[PDB]
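So this one's input.pdb, PDB, C-alpha atoms:
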ATOM      1  CA  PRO A 401      28.680   0.834  -0.716
ATOM      2  CA  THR A 402      24.862   1.216  -0.009
ATOM      3  CA  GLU A 403      22.854   0.490   3.227
ATOM      4  CA  UNK A 404      19.188   0.448   1.950
ATOM      5  CA  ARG A 405      14.982   1.993   5.927
ATOM      6  CA  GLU A 406      16.059   4.112   8.957
TER
ATOM      7  CA  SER B   1       0.826 -16.672 -12.806
ATOM      8  CA  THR B   2       4.642 -16.323 -12.469
ATOM      9  CA  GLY B   3       7.453 -13.849 -13.381
ATOM     10  CA  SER B   4      11.242 -14.197 -13.989
ATOM     11  CA  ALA B   5      13.671 -11.214 -14.409
ATOM     12  CA  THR B   6      17.507 -10.864 -14.764
ATOM     13  CA  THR B   7      19.412  -8.822 -12.077
ATOM     14  CA  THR B   8      22.842  -7.261 -12.931
ATOM     15  CA  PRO B   9      25.684  -5.688 -10.746
ATOM     16  CA  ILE B  10      25.916  -1.887 -11.310
ATOM     17  CA  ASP B  11      29.794  -1.844 -11.225
ATOM     18  CA  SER B  12      32.942  -4.024 -10.880
ATOM     19  CA  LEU B  13      32.650  -4.178  -6.991
ATOM     20  CA  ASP B  14      29.069  -5.603  -6.767
ATOM     21  CA  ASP B  15      28.053  -2.392  -4.881
ATOM     22  CA  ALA B  16      24.357  -2.928  -5.842
ATOM     23  CA  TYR B  17      22.142  -4.881  -8.308
ATOM     24  CA  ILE B  18      19.557  -3.466 -10.866
ATOM     25  CA  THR B  19      16.463  -5.257 -12.408
ATOM     26  CA  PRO B  20      14.196  -3.937 -15.320
ATOM     27  CA  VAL B  21      10.637  -2.868 -14.351
ATOM     28  CA  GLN B  22       7.807  -1.893 -16.893
ATOM     29  CA  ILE B  23       5.558   1.001 -15.631
ATOM     30  CA  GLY B  24       2.427   2.378 -17.383
ATOM     31  CA  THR B  25       0.642   2.024 -20.806
ATOM     32  CA  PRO B  26       2.470   1.905 -23.218
ATOM     33  CA  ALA B  27       5.236   0.438 -20.949
ATOM     34  CA  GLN B  28       8.123   2.744 -19.742
ATOM     35  CA  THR B  29      11.190   0.545 -18.791
ATOM     36  CA  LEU B  30      13.262   1.723 -15.718
ATOM     37  CA  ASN B  31      16.177  -0.125 -13.938
ATOM     38  CA  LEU B  32      15.288  -0.371 -10.167
ATOM     39  CA  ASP B  33      17.257  -1.615  -7.049
ATOM     40  CA  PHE B  34      15.160  -4.467  -5.490
ATOM     41  CA  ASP B  35      15.469  -3.858  -1.646
ATOM     42  CA  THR B  36      14.263  -6.490   0.919
ATOM     43  CA  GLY B  37      15.178  -3.909   3.672
ATOM     44  CA  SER B  38      12.436  -1.328   2.731
ATOM     45  CA  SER B  39       8.793  -1.193   1.440
ATOM     46  CA  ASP B  40       8.466   1.784  -1.051
ATOM     47  CA  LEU B  41       8.427   1.559  -4.955
ATOM     48  CA  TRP B  42       9.778   5.067  -5.870
ATOM     49  CA  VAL B  43      11.162   6.467  -9.186
ATOM     50  CA  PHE B  44      12.980   9.419 -10.814
ATOM     51  CA  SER B  45      10.206  11.288 -12.713
ATOM     52  CA  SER B  46       9.142  14.270 -14.896
ATOM     53  CA  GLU B  47       8.346  15.885 -11.454
ATOM     54  CA  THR B  48      11.939  15.625 -10.048
ATOM     55  CA  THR B  49      13.817  18.977  -9.645
ATOM     56  CA  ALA B  50      15.814  19.247 -12.954
ATOM     57  CA  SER B  51      19.202  20.089 -11.279
ATOM     58  CA  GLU B  52      18.877  16.795  -9.212
ATOM     59  CA  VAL B  53      18.397  14.596 -12.364
ATOM     60  CA  UNK B  54      21.589  13.352 -14.074
ATOM     61  CA  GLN B  56      18.830   8.395 -15.065
ATOM     62  CA  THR B  57      15.740   7.236 -17.062
ATOM     63  CA  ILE B  58      12.528   8.975 -15.800
ATOM     64  CA  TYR B  59       8.825   7.956 -15.468
ATOM     65  CA  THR B  60       6.340  10.492 -17.056
ATOM     66  CA  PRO B  61       2.775   9.792 -15.616
ATOM     67  CA  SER B  62       1.091  12.120 -18.254
ATOM     68  CA  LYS B  63       2.265   9.746 -21.024
ATOM     69  CA  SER B  64       0.551   6.652 -19.406
ATOM     70  CA  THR B  65      -3.163   6.001 -20.211
ATOM     71  CA  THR B  66      -3.493   3.838 -16.993
ATOM     72  CA  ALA B  67      -1.940   6.349 -14.449
ATOM     73  CA  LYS B  68      -4.249   7.748 -11.670
ATOM     74  CA  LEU B  69      -3.214  10.440  -9.071
ATOM     75  CA  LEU B  70      -3.794   9.152  -5.426
ATOM     76  CA  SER B  71      -5.379  12.416  -4.086
ATOM     77  CA  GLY B  72      -3.867  13.874  -0.863
ATOM     78  CA  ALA B  73      -1.073  11.260  -0.564
ATOM     79  CA  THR B  74       2.637  12.088   0.125
ATOM     80  CA  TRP B  75       5.830  10.099   1.017
ATOM     81  CA  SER B  76       9.305  10.692   2.594
ATOM     82  CA  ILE B  77      12.074   8.094   3.309
ATOM     83  CA  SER B  78      15.675   7.882   4.613
ATOM     84  CA  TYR B  79      18.106   4.896   4.576
ATOM     85  CA  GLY B  80      20.957   3.555   6.823
ATOM     86  CA  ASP B  81      23.638   5.387   4.764
ATOM     87  CA  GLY B  82      21.874   8.824   5.286
ATOM     88  CA  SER B  83      20.384   9.019   1.680
ATOM     89  CA  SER B  84      16.753  10.249   1.221
ATOM     90  CA  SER B  85      13.898  11.220  -1.221
ATOM     91  CA  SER B  86      10.218  12.445  -1.104
ATOM     92  CA  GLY B  87       7.207  13.318  -3.371
ATOM     93  CA  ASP B  88       3.565  12.446  -4.406
ATOM     94  CA  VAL B  89       1.791   9.161  -5.417
ATOM     95  CA  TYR B  90       0.175   7.574  -8.563
ATOM     96  CA  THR B  91      -1.408   4.116  -9.061
ATOM     97  CA  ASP B  92      -0.477   2.393 -12.412
ATOM     98  CA  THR B  93       0.127  -0.987 -14.128
ATOM     99  CA  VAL B  94       3.552  -2.504 -13.128
ATOM    100  CA  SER B  95       5.170  -5.632 -14.700
ATOM    101  CA  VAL B  96       8.302  -7.544 -13.528
ATOM    102  CA  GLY B  97       9.613 -10.443 -15.717
ATOM    103  CA  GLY B  98       6.187 -11.009 -17.382
ATOM    104  CA  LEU B  99       4.135 -10.816 -14.092
ATOM    105  CA  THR B 100       1.574  -7.903 -14.297
ATOM    106  CA  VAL B 101      -0.051  -6.094 -11.273
ATOM    107  CA  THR B 102      -2.821  -3.461 -11.789
ATOM    108  CA  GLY B 103      -3.346  -0.595  -9.271
ATOM    109  CA  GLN B 104       0.270  -0.581  -7.861
ATOM    110  CA  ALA B 105       1.356   2.534  -5.921
ATOM    111  CA  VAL B 106       4.227   4.266  -7.874
ATOM    112  CA  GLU B 107       5.858   7.005  -5.662
ATOM    113  CA  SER B 108       7.037   9.891  -7.916
ATOM    114  CA  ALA B 109      10.105  11.818  -6.566
ATOM    115  CA  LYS B 110       9.851  15.643  -6.336
ATOM    116  CA  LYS B 111      13.439  15.689  -4.842
ATOM    117  CA  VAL B 112      16.335  13.164  -4.303
ATOM    118  CA  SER B 113      19.561  13.385  -2.166
ATOM    119  CA  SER B 114      23.070  13.860  -3.615
ATOM    120  CA  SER B 115      24.101  10.149  -3.580
ATOM    121  CA  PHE B 116      21.041   9.287  -5.803
ATOM    122  CA  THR B 117      21.871  12.137  -8.316
ATOM    123  CA  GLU B 118      25.548  10.914  -8.423
ATOM    124  CA  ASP B 119      24.637   7.262  -9.378
ATOM    125  CA  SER B 120      23.609   7.180 -13.088
ATOM    126  CA  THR B 121      22.704   3.436 -13.020
ATOM    127  CA  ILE B 122      19.842   3.410 -10.410
ATOM    128  CA  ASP B 123      16.440   4.886 -11.611
ATOM    129  CA  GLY B 124      14.683   4.208  -8.219
ATOM    130  CA  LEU B 125      13.995   1.385  -5.636
ATOM    131  CA  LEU B 126      11.405  -1.491  -5.514
ATOM    132  CA  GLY B 127      10.857  -2.407  -1.752
ATOM    133  CA  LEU B 128      10.141  -6.065  -0.759
ATOM    134  CA  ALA B 129      10.011  -5.842   3.149
ATOM    135  CA  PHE B 130       6.585  -5.913   4.964
ATOM    136  CA  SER B 131       4.006  -3.257   4.028
ATOM    137  CA  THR B 132       3.977  -1.863   7.669
ATOM    138  CA  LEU B 133       7.333  -0.070   6.763
ATOM    139  CA  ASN B 134       5.821   1.845   3.739
ATOM    140  CA  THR B 135       6.163   5.684   4.113
ATOM    141  CA  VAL B 136       2.945   6.872   2.257
ATOM    142  CA  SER B 137       0.576   9.059   4.385
ATOM    143  CA  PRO B 138      -2.239   9.213   5.380
ATOM    144  CA  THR B 139      -2.848   5.526   4.333
ATOM    145  CA  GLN B 140       0.163   3.206   3.779
ATOM    146  CA  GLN B 141       0.421   1.383   0.391
ATOM    147  CA  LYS B 142       1.116  -2.345  -0.399
ATOM    148  CA  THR B 143       4.351  -3.654  -1.963
ATOM    149  CA  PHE B 144       4.478  -5.191  -5.491
ATOM    150  CA  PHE B 145       4.784  -8.681  -3.838
ATOM    151  CA  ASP B 146       1.768  -8.119  -1.539
ATOM    152  CA  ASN B 147      -0.409  -7.014  -4.538
ATOM    153  CA  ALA B 148       0.765 -10.062  -6.673
ATOM    154  CA  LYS B 149      -0.040 -12.803  -4.059
ATOM    155  CA  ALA B 150      -3.701 -13.302  -5.122
ATOM    156  CA  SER B 151      -2.658 -14.276  -8.712
ATOM    157  CA  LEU B 152       0.708 -16.087  -7.990
ATOM    158  CA  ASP B 153       1.029 -19.915  -8.320
ATOM    159  CA  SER B 154       2.552 -19.819  -4.715
ATOM    160  CA  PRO B 155       3.026 -16.771  -2.318
ATOM    161  CA  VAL B 156       6.865 -16.742  -2.650
ATOM    162  CA  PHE B 157       9.756 -14.906  -4.348
ATOM    163  CA  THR B 158      13.397 -16.040  -4.636
ATOM    164  CA  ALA B 159      16.735 -14.113  -4.809
ATOM    165  CA  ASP B 160      19.696 -15.651  -6.746
ATOM    166  CA  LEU B 161      22.402 -12.900  -6.771
ATOM    167  CA  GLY B 162      25.668 -13.454  -8.760
ATOM    168  CA  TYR B 163      29.363 -12.918  -7.709
ATOM    169  CA  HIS B 164      30.554 -10.420 -10.385
ATOM    170  CA  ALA B 165      27.887 -12.030 -12.666
ATOM    171  CA  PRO B 166      24.133 -11.793 -13.726
ATOM    172  CA  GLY B 167      21.477 -13.513 -11.557
ATOM    173  CA  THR B 168      17.678 -13.896 -11.210
ATOM    174  CA  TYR B 169      14.589 -12.745  -9.207
ATOM    175  CA  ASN B 170      11.605 -15.229  -9.577
ATOM    176  CA  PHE B 171       8.005 -14.646  -8.404
ATOM    177  CA  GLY B 172       5.463 -17.506  -7.751
ATOM    178  CA  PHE B 173       7.681 -20.660  -8.114
ATOM    179  CA  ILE B 174      10.868 -22.422  -6.834
ATOM    180  CA  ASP B 175      13.374 -23.394  -9.652
ATOM    181  CA  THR B 176      14.755 -26.767  -8.377
ATOM    182  CA  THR B 177      17.639 -26.562 -10.941
ATOM    183  CA  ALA B 178      19.048 -23.284  -9.344
ATOM    184  CA  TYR B 179      20.471 -24.801  -6.067
ATOM    185  CA  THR B 180      22.195 -27.933  -4.609
ATOM    186  CA  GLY B 181      21.062 -30.057  -1.610
ATOM    187  CA  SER B 182      17.789 -29.027   0.135
ATOM    188  CA  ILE B 183      16.308 -25.708   1.375
ATOM    189  CA  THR B 184      16.345 -25.241   5.246
ATOM    190  CA  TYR B 185      13.620 -22.859   6.586
ATOM    191  CA  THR B 186      13.882 -20.677   9.755
ATOM    192  CA  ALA B 187      11.341 -18.488  11.682
ATOM    193  CA  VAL B 188      10.799 -14.779  10.819
ATOM    194  CA  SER B 189       9.861 -11.970  13.275
ATOM    195  CA  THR B 190       7.887  -9.045  11.671
ATOM    196  CA  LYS B 191       7.847  -6.934  14.914
ATOM    197  CA  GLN B 192      10.202  -4.279  13.317
ATOM    198  CA  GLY B 193       8.820  -4.721   9.673
ATOM    199  CA  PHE B 194      11.939  -6.577   8.327
ATOM    200  CA  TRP B 195      12.800 -10.157   7.180
ATOM    201  CA  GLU B 196      14.318 -10.587  10.759
ATOM    202  CA  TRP B 197      15.678 -14.031  11.841
ATOM    203  CA  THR B 198      18.188 -15.638  14.324
ATOM    204  CA  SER B 199      21.318 -17.425  12.960
ATOM    205  CA  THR B 200      22.456 -20.384  15.204
ATOM    206  CA  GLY B 201      26.210 -19.446  15.137
ATOM    207  CA  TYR B 202      29.365 -19.197  13.005
ATOM    208  CA  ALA B 203      32.821 -20.668  12.096
ATOM    209  CA  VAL B 204      36.006 -19.012  10.662
ATOM    210  CA  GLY B 205      37.788 -21.037   7.911
ATOM    211  CA  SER B 206      38.482 -24.649   9.006
ATOM    212  CA  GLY B 207      37.957 -23.863  12.788
ATOM    213  CA  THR B 208      35.192 -24.732  15.287
ATOM    214  CA  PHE B 209      31.481 -23.723  15.001
ATOM    215  CA  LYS B 210      30.482 -21.515  18.013
ATOM    216  CA  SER B 211      26.763 -21.815  19.021
ATOM    217  CA  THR B 212      25.809 -18.178  19.728
ATOM    218  CA  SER B 213      22.501 -16.550  18.727
ATOM    219  CA  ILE B 214      22.888 -13.765  16.075
ATOM    220  CA  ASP B 215      19.682 -11.676  15.548
ATOM    221  CA  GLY B 216      19.766  -9.903  12.138
ATOM    222  CA  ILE B 217      17.901  -8.944   8.867
ATOM    223  CA  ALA B 218      18.104 -10.271   5.243
ATOM    224  CA  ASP B 219      18.749  -6.981   3.233
ATOM    225  CA  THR B 220      19.413  -7.205  -0.581
ATOM    226  CA  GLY B 221      19.830  -3.362  -0.546
ATOM    227  CA  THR B 222      23.005  -3.448   1.698
ATOM    228  CA  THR B 223      26.404  -4.234   0.035
ATOM    229  CA  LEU B 224      28.380  -5.774   3.022
ATOM    230  CA  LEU B 225      27.953  -8.334   5.925
ATOM    231  CA  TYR B 226      27.655  -6.473   9.355
ATOM    232  CA  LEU B 227      28.103  -8.777  12.456
ATOM    233  CA  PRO B 228      28.882  -8.434  16.275
ATOM    234  CA  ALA B 229      32.281  -6.875  17.206
ATOM    235  CA  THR B 230      33.590 -10.120  18.928
ATOM    236  CA  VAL B 231      32.617 -12.265  15.802
ATOM    237  CA  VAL B 232      34.278  -9.784  13.323
ATOM    238  CA  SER B 233      37.466  -9.642  15.534
ATOM    239  CA  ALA B 234      37.634 -13.515  15.522
ATOM    240  CA  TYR B 235      37.480 -13.515  11.629
ATOM    241  CA  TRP B 236      40.218 -10.844  11.035
ATOM    242  CA  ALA B 237      42.508 -12.476  13.745
ATOM    243  CA  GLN B 238      43.019 -15.240  11.066
ATOM    244  CA  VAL B 239      44.311 -12.654   8.395
ATOM    245  CA  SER B 240      47.962 -11.723   9.221
ATOM    246  CA  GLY B 241      48.028  -8.237   7.535
ATOM    247  CA  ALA B 242      44.528  -7.143   8.629
ATOM    248  CA  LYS B 243      44.078  -4.080  10.915
ATOM    249  CA  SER B 244      41.217  -1.711  11.864
ATOM    250  CA  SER B 245      41.695   1.689  10.189
ATOM    251  CA  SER B 246      40.121   4.672  11.904
ATOM    252  CA  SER B 247      40.538   6.948   8.828
ATOM    253  CA  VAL B 248      39.207   4.458   6.162
ATOM    254  CA  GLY B 249      36.329   3.357   8.474
ATOM    255  CA  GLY B 250      36.811  -0.395   8.948
ATOM    256  CA  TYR B 251      39.101  -3.436   8.588
ATOM    257  CA  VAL B 252      41.650  -3.246   5.724
ATOM    258  CA  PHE B 253      44.164  -5.979   4.597
ATOM    259  CA  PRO B 254      46.755  -6.659   1.829
ATOM    260  CA  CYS B 255      45.036  -7.338  -1.612
ATOM    261  CA  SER B 256      47.461 -10.350  -2.089
ATOM    262  CA  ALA B 257      46.065 -12.270   0.956
ATOM    263  CA  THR B 258      44.235 -15.582   0.413
ATOM    264  CA  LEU B 259      41.239 -15.062   2.807
ATOM    265  CA  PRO B 260      39.539 -17.804   4.930
ATOM    266  CA  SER B 261      35.846 -18.708   4.266
ATOM    267  CA  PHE B 262      33.120 -17.633   6.761
ATOM    268  CA  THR B 263      30.259 -20.082   7.692
ATOM    269  CA  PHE B 264      26.876 -19.062   9.249
ATOM    270  CA  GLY B 265      24.213 -21.372  10.763
ATOM    271  CA  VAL B 266      20.553 -21.735   9.532
ATOM    272  CA  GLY B 267      19.046 -24.175  12.082
ATOM    273  CA  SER B 268      21.176 -27.383  11.736
ATOM    274  CA  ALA B 269      22.295 -26.335   8.161
ATOM    275  CA  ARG B 270      25.435 -24.350   7.193
ATOM    276  CA  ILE B 271      26.012 -21.681   4.434
ATOM    277  CA  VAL B 272      29.687 -21.222   3.407
ATOM    278  CA  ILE B 273      30.811 -17.758   2.048
ATOM    279  CA  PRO B 274      34.025 -18.305  -0.042
ATOM    280  CA  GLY B 275      37.026 -16.181   1.083
ATOM    281  CA  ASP B 276      37.152 -14.359  -2.319
ATOM    282  CA  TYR B 277      33.607 -12.922  -1.680
ATOM    283  CA  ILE B 278      35.028 -11.191   1.501
ATOM    284  CA  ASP B 279      37.588  -9.249  -0.583
ATOM    285  CA  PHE B 280      35.413  -6.204  -1.415
ATOM    286  CA  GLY B 281      38.200  -4.627  -3.473
ATOM    287  CA  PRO B 282      41.079  -2.055  -3.515
ATOM    288  CA  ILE B 283      40.668   1.159  -1.421
ATOM    289  CA  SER B 284      41.578   3.006  -4.707
ATOM    290  CA  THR B 285      42.519   1.684  -8.212
ATOM    291  CA  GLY B 286      46.082   0.325  -8.012
ATOM    292  CA  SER B 287      46.329   0.311  -4.181
ATOM    293  CA  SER B 288      48.128  -2.468  -2.258
ATOM    294  CA  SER B 289      45.400  -2.376   0.426
ATOM    295  CA  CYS B 290      41.844  -3.757   0.138
ATOM    296  CA  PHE B 291      38.612  -3.147   2.145
ATOM    297  CA  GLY B 292      37.012  -6.072   4.031
ATOM    298  CA  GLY B 293      33.489  -7.433   3.153
ATOM    299  CA  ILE B 294      32.787  -8.358   6.888
ATOM    300  CA  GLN B 295      32.584  -5.319   9.255
ATOM    301  CA  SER B 296      31.277  -4.554  12.836
ATOM    302  CA  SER B 297      27.515  -3.827  13.299
ATOM    303  CA  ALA B 298      28.203  -1.732  16.511
ATOM    304  CA  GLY B 299      27.523   1.615  14.753
ATOM    305  CA  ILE B 300      24.096   0.326  13.290
ATOM    306  CA  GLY B 301      22.636  -1.385  16.314
ATOM    307  CA  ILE B 302      21.373  -4.468  14.338
ATOM    308  CA  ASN B 303      23.201  -7.219  12.411
ATOM    309  CA  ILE B 304      22.765  -7.053   8.551
ATOM    310  CA  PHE B 305      22.974 -10.128   6.217
ATOM    311  CA  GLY B 306      23.686  -7.997   3.044
ATOM    312  CA  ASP B 307      24.851  -9.005  -0.464
ATOM    313  CA  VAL B 308      28.253 -10.510   0.663
ATOM    314  CA  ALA B 309      26.236 -13.198   2.563
ATOM    315  CA  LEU B 310      23.110 -13.518   0.294
ATOM    316  CA  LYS B 311      25.066 -13.983  -3.026
ATOM    317  CA  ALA B 312      26.566 -17.244  -1.503
ATOM    318  CA  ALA B 313      23.020 -18.798  -1.275
ATOM    319  CA  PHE B 314      19.667 -19.423  -3.086
ATOM    320  CA  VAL B 315      17.267 -17.450  -0.763
ATOM    321  CA  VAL B 316      13.464 -18.129  -0.472
ATOM    322  CA  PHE B 317      11.236 -15.304   0.876
ATOM    323  CA  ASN B 318       8.037 -17.223   1.911
ATOM    324  CA  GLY B 319       5.201 -14.672   2.298
ATOM    325  CA  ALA B 320       2.490 -16.989   3.610
ATOM    326  CA  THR B 321       0.398 -15.602   6.529
ATOM    327  CA  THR B 322       3.133 -16.858   8.919
ATOM    328  CA  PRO B 323       6.294 -15.923   6.893
ATOM    329  CA  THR B 324       9.560 -17.953   6.881
ATOM    330  CA  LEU B 325      13.009 -17.568   5.261
ATOM    331  CA  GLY B 326      14.783 -20.459   3.404
ATOM    332  CA  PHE B 327      18.451 -20.915   2.476
ATOM    333  CA  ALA B 328      20.130 -23.476   0.120
ATOM    334  CA  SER B 329      23.751 -23.846  -1.052
ATOM    335  CA  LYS B 330      24.375 -23.281  -4.833
TER
END
What's the structure tokens form of this structure?
Amino acid sequence: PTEXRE
Amino acid sequence: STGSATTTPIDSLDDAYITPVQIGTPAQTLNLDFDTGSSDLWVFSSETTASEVXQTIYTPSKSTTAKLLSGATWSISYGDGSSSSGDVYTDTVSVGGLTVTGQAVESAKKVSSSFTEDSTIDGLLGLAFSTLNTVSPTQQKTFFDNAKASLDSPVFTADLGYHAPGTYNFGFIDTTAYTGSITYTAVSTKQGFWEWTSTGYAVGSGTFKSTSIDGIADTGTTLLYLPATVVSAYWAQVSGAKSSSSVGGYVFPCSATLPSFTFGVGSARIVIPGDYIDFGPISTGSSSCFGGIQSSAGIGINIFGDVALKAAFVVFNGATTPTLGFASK
């Protein structure tokens, strides 16, 4: 899975 | 003007979606991940360290319209710990027949290991507000911001498929792509995101609880991340489900028939079918499956990712006061 900004 | 482009899942699990983008003259076609949770258009390139390239690359020296933006650099990191950095060109960019001149195209000098390892993603196209862009000294505008002057209306829509192709449209609302009516809700841009407040939730055929849930609409995140007490209420209705410390979230038997999950948009309701909440097996052939709804406690903000957005037709209204619309489909 991805978690697109930090 | 308008544009219309097809978006495709990268794999059998709907981990992410890719959309073709034409860059330069003559056009170079790359497959990019459209991300409403960030604001940079960056690509694999002829400049990227060769050992970190496995992807289609952009070559600026082969484009008659490319211009170097002198002195400009960029550097970004995402919620999963991935990152990239490099220098900046302006060039002609087209999406689905809609052409923008003078778009900032961020060319990667280096990418992190998760980008190298994923053959299907050639870069990202950010669609959050331009205040989140990472170019220095002067931030650059998104593709959507640069298109608004020519568009028939300052809007784009996301219609993501469940294990199926879907569509991104720019400049118009396709009234044949949804059922019922669109309900709009207020957006806060204080943190640079498409940030909004859901009016509450229900599990399966149970009662709707009115409780404010502050979160972001993020096409670049796979799962739905919600408060710990809300997530516990959902998995209490799945008899084999347990939290697994070693796997890193709720797991359950693949043979379960899962309840739906409903979220509020003003007075309206969006229903996520139970099958969408089965993300898939922990490994091929396993008896155990990973859940598509997980706690947001480790992030610090709630995230309406692809598990939620693929259940709706979603309108990103970029008028001077922005709003977000949802319809059933």
Exercise. Pull out every residue that the ChimeraX specification (/A :<9) & /B matches in the shown coordinates and put them as a PyMOL selection string.
Key: chain B and resi 13-16+35-39+77-83+133+219-224+306
Given the selection you just returned, output its residues as a file containing C-alpha atoms, formatted as a PDB file, in the frame of the given file.
ATOM      1  CA  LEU B  13      32.650  -4.178  -6.991  1.00  0.00           C
ATOM      2  CA  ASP B  14      29.069  -5.603  -6.767  1.00  0.00           C
ATOM      3  CA  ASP B  15      28.053  -2.392  -4.881  1.00  0.00           C
ATOM      4  CA  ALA B  16      24.357  -2.928  -5.842  1.00  0.00           C
ATOM      5  CA  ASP B  35      15.469  -3.858  -1.646  1.00  0.00           C
ATOM      6  CA  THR B  36      14.263  -6.490   0.919  1.00  0.00           C
ATOM      7  CA  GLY B  37      15.178  -3.909   3.672  1.00  0.00           C
ATOM      8  CA  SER B  38      12.436  -1.328   2.731  1.00  0.00           C
ATOM      9  CA  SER B  39       8.793  -1.193   1.440  1.00  0.00           C
ATOM     10  CA  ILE B  77      12.074   8.094   3.309  1.00  0.00           C
ATOM     11  CA  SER B  78      15.675   7.882   4.613  1.00  0.00           C
ATOM     12  CA  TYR B  79      18.106   4.896   4.576  1.00  0.00           C
ATOM     13  CA  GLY B  80      20.957   3.555   6.823  1.00  0.00           C
ATOM     14  CA  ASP B  81      23.638   5.387   4.764  1.00  0.00           C
ATOM     15  CA  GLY B  82      21.874   8.824   5.286  1.00  0.00           C
ATOM     16  CA  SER B  83      20.384   9.019   1.680  1.00  0.00           C
ATOM     17  CA  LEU B 133       7.333  -0.070   6.763  1.00  0.00           C
ATOM     18  CA  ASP B 219      18.749  -6.981   3.233  1.00  0.00           C
ATOM     19  CA  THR B 220      19.413  -7.205  -0.581  1.00  0.00           C
ATOM     20  CA  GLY B 221      19.830  -3.362  -0.546  1.00  0.00           C
ATOM     21  CA  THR B 222      23.005  -3.448   1.698  1.00  0.00           C
ATOM     22  CA  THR B 223      26.404  -4.234   0.035  1.00  0.00           C
ATOM     23  CA  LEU B 224      28.380  -5.774   3.022  1.00  0.00           C
ATOM     24  CA  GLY B 306      23.686  -7.997   3.044  1.00  0.00           C
TER      25      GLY B 306
END
Quiz item: Within 10 Å of residue 262 of chain B, counting all atoms listed in the file, which residues qualify if same-chain residues fewer than 4 places away don't, as a ChimeraX atom specification?
Solution: /B:202-207,235,271-275,277-278,294,309
Please dump the current selection as a compact mmCIF listing (two decimals), in the coordinates of the input; keep C-alpha atoms.
# COMPACT_ATOMS: atom_id res chain seq x y z
CA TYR B 202 29.36 -19.20 13.00
CA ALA B 203 32.82 -20.67 12.10
CA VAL B 204 36.01 -19.01 10.66
CA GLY B 205 37.79 -21.04 7.91
CA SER B 206 38.48 -24.65 9.01
CA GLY B 207 37.96 -23.86 12.79
CA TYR B 235 37.48 -13.52 11.63
CA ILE B 271 26.01 -21.68 4.43
CA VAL B 272 29.69 -21.22 3.41
CA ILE B 273 30.81 -17.76 2.05
CA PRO B 274 34.02 -18.30 -0.04
CA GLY B 275 37.03 -16.18 1.08
CA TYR B 277 33.61 -12.92 -1.68
CA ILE B 278 35.03 -11.19 1.50
CA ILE B 294 32.79 -8.36 6.89
CA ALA B 309 26.24 -13.20 2.56
Evaluate the PyMOL selection byres ((chain B and resi 34) around 6) against this structure - the residues, as a JSON list (two decimals) with C-alpha atoms, in the coordinates of the input, please.
[["chain", "number", "residue", "atom", "x", "y", "z"],
["B", 33, "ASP", "CA", 17.26, -1.62, -7.05],
["B", 35, "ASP", "CA", 15.47, -3.86, -1.65],
["B", 125, "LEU", "CA", 14.00, 1.38, -5.64],
["B", 126, "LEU", "CA", 11.40, -1.49, -5.51]]
Quiz item: Exactly which residues make up the result of the PyMOL selection byres ((chain B and resi 298) around 10) on this file, given as a ChimeraX atom specification?
Solution: /B:226-229,295-297,299-303
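Across the structure, atom CA of residue 184 of chain B and atom CA of residue 232 of chain B are spaced 25.0 Å apart.
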To test the calculation: enclose all listed atoms of segment 137-153 of chain B in a box whose edges run along x, y and z, add 4 Å on each side, then state centre and edge lengths in Å to one decimal, as JSON.
{"center_x": 0.5, "center_y": -5.4, "center_z": -1.7, "size_x": 16.5, "size_y": 37.1, "size_z": 22.1}
Practice problem: Would you kindly identify which residues have an atom no farther than 10 Å from (-1.1, 0.9, -24.5), using only C-alpha atoms and the file's own coordinates, and write them out as a PyMOL selection string? | Solution: chain B and resi 24-27+64-66
Quiz item: So what do you get for atom CA of residue 166 of chain B versus atom CA of residue 20 of chain B, distance-wise?
Solution: 12.8 Å
Shell around residue 4 of chain B at 10 Å using all atoms listed in the file, local window under 6 positions removed, as an mmCIF file with C-alpha atoms, in the frame of the given file:
data_model
loop_
_atom_site.group_PDB
_atom_site.id
_atom_site.type_symbol
_atom_site.label_atom_id
_atom_site.label_comp_id
_atom_site.auth_asym_id
_atom_site.auth_seq_id
_atom_site.Cartn_x
_atom_site.Cartn_y
_atom_site.Cartn_z
ATOM 1 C CA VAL B 96 8.302 -7.544 -13.528
ATOM 2 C CA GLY B 97 9.613 -10.443 -15.717
ATOM 3 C CA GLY B 98 6.187 -11.009 -17.382
ATOM 4 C CA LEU B 99 4.135 -10.816 -14.092
ATOM 5 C CA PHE B 157 9.756 -14.906 -4.348
ATOM 6 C CA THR B 158 13.397 -16.040 -4.636
ATOM 7 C CA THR B 168 17.678 -13.896 -11.210
ATOM 8 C CA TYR B 169 14.589 -12.745 -9.207
ATOM 9 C CA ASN B 170 11.605 -15.229 -9.577
ATOM 10 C CA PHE B 171 8.005 -14.646 -8.404
ATOM 11 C CA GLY B 172 5.463 -17.506 -7.751
ATOM 12 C CA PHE B 173 7.681 -20.660 -8.114
#
Exercise. Quick one: everything within 9 Å of residue 187 of chain B, counting only C-alpha atoms, minus sequence neighbours fewer than 4 positions away in the same chain. Send it as an MDAnalysis selection string.
Key: chainID B and resid 196:198 322:325
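When only C-alpha atoms are used to measure the gap to residue 316 of chain B, the shortest distance among B:159, B:214, B:248, B:255 belongs to B:159.
Between atom CA of residue 136 of chain B and atom CA of residue 74 of chain B lies a distance of 5.6 Å.
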